[PDB]
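In what follows, a structure is listed as C-alpha cells, so that the remarks can point back to it.
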Amino acid sequence: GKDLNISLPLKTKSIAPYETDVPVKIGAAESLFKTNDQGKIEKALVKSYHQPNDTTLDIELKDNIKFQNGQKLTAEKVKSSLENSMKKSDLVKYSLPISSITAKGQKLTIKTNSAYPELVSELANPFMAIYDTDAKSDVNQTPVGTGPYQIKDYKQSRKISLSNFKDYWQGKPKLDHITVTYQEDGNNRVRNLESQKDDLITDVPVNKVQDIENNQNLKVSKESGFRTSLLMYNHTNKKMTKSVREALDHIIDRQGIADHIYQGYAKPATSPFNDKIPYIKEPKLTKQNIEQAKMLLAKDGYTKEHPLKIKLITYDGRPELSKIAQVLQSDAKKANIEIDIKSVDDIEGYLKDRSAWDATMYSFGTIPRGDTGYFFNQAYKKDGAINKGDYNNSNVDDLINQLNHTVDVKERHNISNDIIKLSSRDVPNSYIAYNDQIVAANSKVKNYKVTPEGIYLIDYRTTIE
Ligand SMILES: N[C@@H](Cc1c[nH]c[nH+]1)C(=O)O
Ligand SMILES: N[C@@H](Cc1c[nH]c[nH+]1)C(=O)O
Ligand code: NI
C-alpha cells in the first residue's frame with residue numbers, strides 16, 4: 001500500500017544513533033543541525049543560535065517538536081542525549097570537545113574550554129542525532145527519535161521495521177510503514193529491486209546500472225558526492241613500513257580503476273578529499289609503476305624467492321571494493337607481493353583485531369559537512385574512530401590540533417593543505433577513487449534524498465505514487 005521496502009548494505013549491530021548513521025538515513029532520528037541539498041549547514045531542530053564568544057554556543061530549540069513517544073523535545077532532553085552519546089561513543093566524544101551544558105526550558109548553552117569553530121558543524125553529524133534518554137526501551141534496538149518514522153522492531157543485523165509518526169514536527173509523513181533489510185551483496189540488492197522484493201536500494205554495482213536504466217519500472221539516481229575508496233594500512237604491524245606502503249601505492253592503477261572498475265562513475269584520488277573542493281591542494285597523482293614497487297620492496301629485502309605476504313581484508317557492501325582487491329592481488333604478484341584476500345561480513349568489528357589484518361579495502365565519507373577537520377580528527381589522530389590502522393605522526397598531530405582552534409577560514413584552508421602535504425609523505429593510506437553514490441528505486445517511489453553528503457535518504461516527504 002503505502003509501505004516502503006528498503007535494501008541497504010553494511011549491517012549493523014546496535015542501532016543507537018551514536019553507533020551508526022542508519023537512524024538518520026531511514027528517517028528515525030535527527031540532529032540539531034543538518035546540511036541542505038547544497039551541503040551547507042542549517043538549523044534543523046534549532047530555532048535560533050548565537051555565539052557570543054569563542055567558547056560559548058547559545059541554542060534555542062523549536063517549541064513544537066515531540067519525540068515519537070509523545071514526549072516534548074526540551075533543552076534538558078537535548079542535554080541528556082548529547083552527554084549520553086559522548087559517554088558511549090569515541091567518534092562522538094572526539095568530535096565534541098564540550099566542557100559543559102546547561103539547560104532550561106527550550107534554551108541550552110554549550111561551552112568548550114577553548115575555541116572549536118567546527119562545533120556547530122559536528123552537531124549536524126548524524127552520530128549526534130537526538131533521542132529520548134528516558135524512553136523505556138533499549139536505545140540499541142528501538143531508539144526514540146524526533147524523525148518521521150519510529151523504529152518499532154529490530155531483528156539484530158537483519159531487519160528494521162518503522163511506522164509513521166503522525167505528529168512529526170514538519171508535517172504528516174507520507175508513508176505508512178518502512179521495512180529496512182540488510183543485504184551486503186550488490187547484485188542481490190539489484191535482484192531484490194528487479195523482483196520487487198524491495199522498492200529502494202543503495203550502492204548499486206556500476207555494472208548493473210545500464211540494466212536498471214533499461215527497466216521502465218525502475219530508475220537510477222546518481223550523485224558525485226564525497227565518498228572516497230582507499231587501501232588502509234595497519235601501522236601497528238612493523239612489516240608495513242614506508243617502503244611497503246609506497247610500493248602498494250604504486251601497484252594501484254587509479255586511472256584504470258576509475259575507467260574500468262568504476263566504469264567512469266569515479267575519478268582517480270590523491271588525498272582523502274574530492275578535488276571538486278576548490279580550496280584543496282591535492283598531491284601529485286600516483287601512476288602505476290610495478291618496477292618502482294619491486295625496487296621499493298627490495299629495500300626491505302623482498303624478492304621473487306622471498307616475497308612480501310599481505311593479508312588484505314575486503315567486504316561486499318561497497319560493491320567495487322572487492323573488484324579492486326582482485327586486481328591488486330593479480331598485479332601485486334608481478335611485484336613480489338603475495339596478497340591473501342579475506343572478505344568479511346562485519347568490517348567494523350573485524351578490523352578491531354589489529355593482529356588479524358595487514359591492510360584493508362575501505363570507504364569513508366571524508367568531508368560530509370564541508371570541512372576537513374572531522375576526517376583528520378577521526379582518521380589521522382590516535383584513537384580516532386576510523387583510524388583502524390593506528391596511523392599517528394606527532395608532526396601531523398601538531399597541525400591538526402592547531403587546525404582545531406583556528407577560526408579564520410582562509411587559515412583553516414592553509415593548515416589543512418599543510419596537513420595533506422605532510423601526511424601524504426607517510427602514505428598513511430592509499431586513496432584510490434572519489435566515487436559516485438548510485439541509488440535505484442521502483443519508479444513509483446518519490447522524493448528520497450540522493451544529495452552530496454551521502455547520509456540522508458528518507459524524510460517526511462518520501463512517498464509512493
Ligand atoms: N566505513 C566503511 C565501513 C562501514 C560499515 N558500516 C559503516 N561503515 C563504509 O562505510 O564502507
Ligand atoms: N558509514 C559512514 C559513517 C561511518 C562511521 N564509521 C564508519 N563509517 C561512512 O563511511 O562515512
Ligand atoms: Ni562507513
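This chain uses plain numbering: 1 for the first residue, then up along the sequence. Atoms within a ligand are numbered from 1 in the order they appear, just like the ligands themselves. Just so you know, these numbers use all the heavy atoms, side chains as well, and skip hydrogens, waters and symmetry mates.
- Heavy-atom proximity to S363, at under 4.0 Å, picks out these atoms of ligand 2: 10 (O).
- When each atom of ligand 1 is checked for a heavy atom of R318 under 4.0 Å away, the hits are 9 (C), 10 (O), 11 (O).
- Here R369 pairs with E122 in a salt bridge; the nearest charged N to carboxylate O distance falls below 4.0 Å.
- For the residue pair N237 and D358, a side-chain donor N or O sits within less than 3.5 Å of a side-chain acceptor on the partner.
- Those atoms of ligand 1 with a heavy atom of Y315 less than 4.0 angstrom away are 2 (C), 3 (C), 9 (C), 11 (O).
- Ring geometry, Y168 versus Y460: the interplanar angle falls from 30° to 60°, so the pair is classed tilted.
- Within the structure, the closest approach of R227 to ligand 2 falls below 4.0 Å when heavy atoms are considered.
- Judged by the 6.0 Å and 45° rule, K276 forms a cation-pi pair with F226.
- Applying ring pair (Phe, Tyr, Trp, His ring centres under 6.0 Å) to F273 and the options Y434, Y431, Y279, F376 leaves one that passes, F376.
- Within 6.0 Å of the CZ atom in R354, the count of heavy atoms belonging to other residues, nucleotides or ligands exceeds 12.
- Regarding atom 8 (N) of ligand 1, its nearest protein heavy-atom neighbour is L10 CD1, 3.9 Å.
- In terms of protein heavy-atom proximity, atom 5 (C) of ligand 1 is nearest to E348 CG, 3.6 Å.
- Considering only non-hydrogen protein atoms, atom 4 (C) of ligand 2 sits nearest to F364 CE1, 3.9 Å.
- The ligand atoms of ligand 2 that sit less than 4.0 angstrom from a heavy atom of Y362 are 7 (C).
- With a 4.0 Å cut-off on non-hydrogen atoms, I386 touches ligand 2 through its side chain and not its backbone.
- Classified by interplanar angle (parallel below 30°, tilted 30° to 60°, perpendicular above 60°), the ring pair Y380/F375 is perpendicular.
- Atoms of ligand 2 found under 4.0 Å from any heavy atom of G365 (numbered from 1 in listed order, with element): 9 (C), 10 (O), 11 (O).
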